[PDB]
$ cat upload_0.pdb   # PDB, C-alpha atoms
ATOM      1  CA  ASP A 103     -17.798   8.764  38.813  1.00  0.00           C
ATOM      2  CA  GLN A 104     -14.014   9.306  39.397  1.00  0.00           C
ATOM      3  CA  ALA A 105     -13.630  11.387  36.223  1.00  0.00           C
ATOM      4  CA  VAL A 106     -11.040  13.344  38.166  1.00  0.00           C
ATOM      5  CA  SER A 107      -8.954  11.955  40.991  1.00  0.00           C
ATOM      6  CA  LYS A 108      -9.916  12.398  44.589  1.00  0.00           C
ATOM      7  CA  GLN A 109      -6.614  14.209  45.153  1.00  0.00           C
ATOM      8  CA  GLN A 110      -7.037  17.125  42.782  1.00  0.00           C
ATOM      9  CA  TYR A 111     -10.589  17.420  44.072  1.00  0.00           C
ATOM     10  CA  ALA A 112      -9.085  17.964  47.520  1.00  0.00           C
ATOM     11  CA  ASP A 113      -6.642  20.428  45.935  1.00  0.00           C
ATOM     12  CA  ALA A 114      -9.453  22.392  44.254  1.00  0.00           C
ATOM     13  CA  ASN A 115     -11.447  22.350  47.501  1.00  0.00           C
ATOM     14  CA  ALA A 116      -8.392  23.731  49.305  1.00  0.00           C
ATOM     15  CA  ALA A 117      -7.996  26.524  46.748  1.00  0.00           C
ATOM     16  CA  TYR A 118     -11.732  27.271  47.021  1.00  0.00           C
ATOM     17  CA  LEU A 119     -11.548  27.615  50.806  1.00  0.00           C
ATOM     18  CA  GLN A 120      -8.397  29.761  50.553  1.00  0.00           C
ATOM     19  CA  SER A 121     -10.061  32.134  48.089  1.00  0.00           C
ATOM     20  CA  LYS A 122     -13.126  32.161  50.366  1.00  0.00           C
ATOM     21  CA  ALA A 123     -10.872  33.236  53.245  1.00  0.00           C
ATOM     22  CA  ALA A 124      -9.305  35.958  51.083  1.00  0.00           C
ATOM     23  CA  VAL A 125     -12.767  37.314  50.185  1.00  0.00           C
ATOM     24  CA  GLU A 126     -13.639  37.224  53.901  1.00  0.00           C
ATOM     25  CA  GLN A 127     -10.554  39.303  54.717  1.00  0.00           C
ATOM     26  CA  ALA A 128     -11.324  41.824  51.960  1.00  0.00           C
ATOM     27  CA  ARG A 129     -14.896  42.032  53.270  1.00  0.00           C
ATOM     28  CA  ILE A 130     -13.863  42.725  56.869  1.00  0.00           C
ATOM     29  CA  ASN A 131     -11.241  45.175  55.594  1.00  0.00           C
ATOM     30  CA  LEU A 132     -14.091  46.966  53.807  1.00  0.00           C
ATOM     31  CA  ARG A 133     -16.236  46.661  56.967  1.00  0.00           C
ATOM     32  CA  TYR A 134     -13.445  48.545  58.756  1.00  0.00           C
ATOM     33  CA  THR A 135     -14.529  51.519  56.690  1.00  0.00           C
ATOM     34  CA  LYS A 136     -17.801  53.115  57.885  1.00  0.00           C
ATOM     35  CA  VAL A 137     -16.506  52.698  61.432  1.00  0.00           C
ATOM     36  CA  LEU A 138     -19.135  51.003  63.556  1.00  0.00           C
ATOM     37  CA  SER A 139     -19.767  51.875  67.178  1.00  0.00           C
ATOM     38  CA  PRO A 140     -18.160  49.057  69.192  1.00  0.00           C
ATOM     39  CA  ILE A 141     -20.319  49.670  72.280  1.00  0.00           C
ATOM     40  CA  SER A 142     -23.818  51.018  72.806  1.00  0.00           C
ATOM     41  CA  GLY A 143     -24.337  54.211  74.750  1.00  0.00           C
ATOM     42  CA  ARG A 144     -23.943  57.969  74.582  1.00  0.00           C
ATOM     43  CA  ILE A 145     -21.689  59.668  72.031  1.00  0.00           C
ATOM     44  CA  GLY A 146     -19.824  62.963  72.219  1.00  0.00           C
ATOM     45  CA  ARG A 147     -18.762  65.182  69.326  1.00  0.00           C
ATOM     46  CA  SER A 148     -16.658  64.573  66.232  1.00  0.00           C
ATOM     47  CA  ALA A 149     -13.032  65.569  66.713  1.00  0.00           C
ATOM     48  CA  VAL A 150     -12.387  64.578  63.083  1.00  0.00           C
ATOM     49  CA  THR A 151     -14.939  66.281  60.834  1.00  0.00           C
ATOM     50  CA  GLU A 152     -15.908  65.772  57.182  1.00  0.00           C
ATOM     51  CA  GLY A 153     -13.023  65.668  54.718  1.00  0.00           C
ATOM     52  CA  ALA A 154     -10.278  65.384  57.359  1.00  0.00           C
TER
ATOM     53  CA  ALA B 370      -4.283 -28.493  12.997  1.00  0.00           C
ATOM     54  CA  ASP B 371      -3.962 -24.818  12.027  1.00  0.00           C
ATOM     55  CA  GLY B 372      -7.754 -24.523  12.215  1.00  0.00           C
ATOM     56  CA  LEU B 373      -7.722 -26.080  15.690  1.00  0.00           C
ATOM     57  CA  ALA B 374      -4.967 -23.669  16.785  1.00  0.00           C
ATOM     58  CA  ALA B 375      -7.053 -20.763  15.494  1.00  0.00           C
ATOM     59  CA  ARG B 376     -10.088 -22.056  17.423  1.00  0.00           C
ATOM     60  CA  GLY B 377      -7.947 -22.358  20.545  1.00  0.00           C
ATOM     61  CA  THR B 378      -6.337 -18.922  20.421  1.00  0.00           C
ATOM     62  CA  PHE B 379      -8.950 -16.606  18.905  1.00  0.00           C
ATOM     63  CA  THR B 380     -11.305 -16.993  21.876  1.00  0.00           C
ATOM     64  CA  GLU B 381      -8.566 -15.624  24.157  1.00  0.00           C
ATOM     65  CA  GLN B 382      -7.574 -12.964  21.609  1.00  0.00           C
ATOM     66  CA  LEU B 383     -11.148 -11.854  20.957  1.00  0.00           C
ATOM     67  CA  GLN B 384     -11.993 -11.723  24.674  1.00  0.00           C
ATOM     68  CA  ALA B 385      -8.905  -9.569  25.262  1.00  0.00           C
ATOM     69  CA  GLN B 386     -10.050  -7.434  22.325  1.00  0.00           C
ATOM     70  CA  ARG B 387     -13.571  -7.030  23.743  1.00  0.00           C
ATOM     71  CA  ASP B 388     -12.010  -5.992  27.053  1.00  0.00           C
ATOM     72  CA  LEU B 389      -9.893  -3.492  25.088  1.00  0.00           C
ATOM     73  CA  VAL B 390     -13.082  -2.115  23.558  1.00  0.00           C
ATOM     74  CA  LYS B 391     -14.876  -1.991  26.929  1.00  0.00           C
ATOM     75  CA  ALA B 392     -11.956  -0.081  28.476  1.00  0.00           C
ATOM     76  CA  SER B 393     -11.820   2.413  25.608  1.00  0.00           C
ATOM     77  CA  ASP B 394     -15.618   2.869  25.676  1.00  0.00           C
ATOM     78  CA  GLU B 395     -15.551   3.605  29.405  1.00  0.00           C
ATOM     79  CA  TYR B 396     -12.671   6.046  28.844  1.00  0.00           C
ATOM     80  CA  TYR B 397     -14.722   7.844  26.183  1.00  0.00           C
ATOM     81  CA  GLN B 398     -17.734   7.943  28.505  1.00  0.00           C
ATOM     82  CA  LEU B 399     -15.641   9.517  31.270  1.00  0.00           C
ATOM     83  CA  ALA B 400     -14.199  12.052  28.820  1.00  0.00           C
ATOM     84  CA  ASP B 401     -17.769  12.860  27.747  1.00  0.00           C
ATOM     85  CA  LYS B 402     -18.799  13.369  31.382  1.00  0.00           C
ATOM     86  CA  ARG B 403     -15.741  15.591  31.911  1.00  0.00           C
ATOM     87  CA  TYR B 404     -16.742  17.642  28.849  1.00  0.00           C
ATOM     88  CA  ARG B 405     -20.455  17.893  29.719  1.00  0.00           C
ATOM     89  CA  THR B 406     -19.683  19.139  33.228  1.00  0.00           C
ATOM     90  CA  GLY B 407     -17.318  21.618  31.614  1.00  0.00           C
ATOM     91  CA  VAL B 408     -13.720  20.986  32.651  1.00  0.00           C
ATOM     92  CA  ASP B 409     -12.117  19.980  29.360  1.00  0.00           C
ATOM     93  CA  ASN B 410     -12.893  21.294  25.886  1.00  0.00           C
ATOM     94  CA  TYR B 411     -14.264  19.509  22.818  1.00  0.00           C
ATOM     95  CA  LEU B 412     -10.891  18.672  21.225  1.00  0.00           C
ATOM     96  CA  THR B 413     -10.032  16.151  23.955  1.00  0.00           C
ATOM     97  CA  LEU B 414     -13.491  14.628  23.521  1.00  0.00           C
ATOM     98  CA  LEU B 415     -12.810  14.188  19.799  1.00  0.00           C
ATOM     99  CA  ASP B 416      -9.432  12.608  20.621  1.00  0.00           C
ATOM    100  CA  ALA B 417     -11.120  10.092  22.955  1.00  0.00           C
ATOM    101  CA  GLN B 418     -13.706   9.413  20.240  1.00  0.00           C
ATOM    102  CA  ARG B 419     -10.964   8.663  17.694  1.00  0.00           C
ATOM    103  CA  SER B 420      -9.272   6.301  20.165  1.00  0.00           C
ATOM    104  CA  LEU B 421     -12.574   4.437  20.592  1.00  0.00           C
ATOM    105  CA  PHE B 422     -12.947   4.255  16.797  1.00  0.00           C
TER
END

$ encode --input "upload_0.pdb" --output "structure tokens"
Amino acid sequence: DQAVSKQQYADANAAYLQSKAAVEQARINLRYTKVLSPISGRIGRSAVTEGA
Amino acid sequence: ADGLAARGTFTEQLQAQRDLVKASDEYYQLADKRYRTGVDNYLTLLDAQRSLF
């Protein structure tokens, strides 16, 4: 009903997508903990043990 | 002649005044929609209501 402009709607949508991208980067930076196996196959030993 | 001048001008004045009231009523309705969705507070709604009054 044009209670706001169309322009600051586009500005709020831009800030929403930027904060979405920042949450996505924090989520992949937390997914870089608990280091996933990149490939499937056979695994050796652990050169770096617990606590190191 | 003054009565005829009043008849001639108050239709234009009163139609401009009804358009003033329609504009202020639509402004109050948009401020009420802006409040009910939640963007502005209740003080701006009361200010729009006093303008309509």

$ interface_residues --input "upload_0.pdb" --of "chain A" --to "chain B" --cutoff "9 Å" --atoms "all atoms listed in the file" --output "PyMOL selection string"
chain A and resi 103-106

$ resolve_selection --input "upload_0.pdb" --expression "the PyMOL selection byres ((chain B and resi 414) around 9)" --output "PyMOL selection string"
chain B and resi 397+400-401+403-404+409-413+415-419

$ atom_distance --input "upload_0.pdb" --atom1 "atom CA of residue 372 of chain B" --atom2 "atom CA of residue 384 of chain B"
18.4 Å

$ residues_around --input "upload_0.pdb" --residues "residue 421 of chain B" --least-positions-apart "6" --cutoff "8 Å" --atoms "all atoms listed in the file" --output "list in words"
residues 390, 393, 394 and 397 of chain B

$ atom_distance --input "upload_0.pdb" --atom1 "atom CA of residue 148 of chain A" --atom2 "atom CA of residue 129 of chain A"
26.1 Å

$ axis_aligned_box --input "upload_0.pdb" --around "segment 374-377 of chain B" --padding-each-side "5 Å" --output "JSON"
{"center_x": -7.5, "center_y": -22.2, "center_z": 18.0, "size_x": 15.1, "size_y": 12.9, "size_z": 15.1}
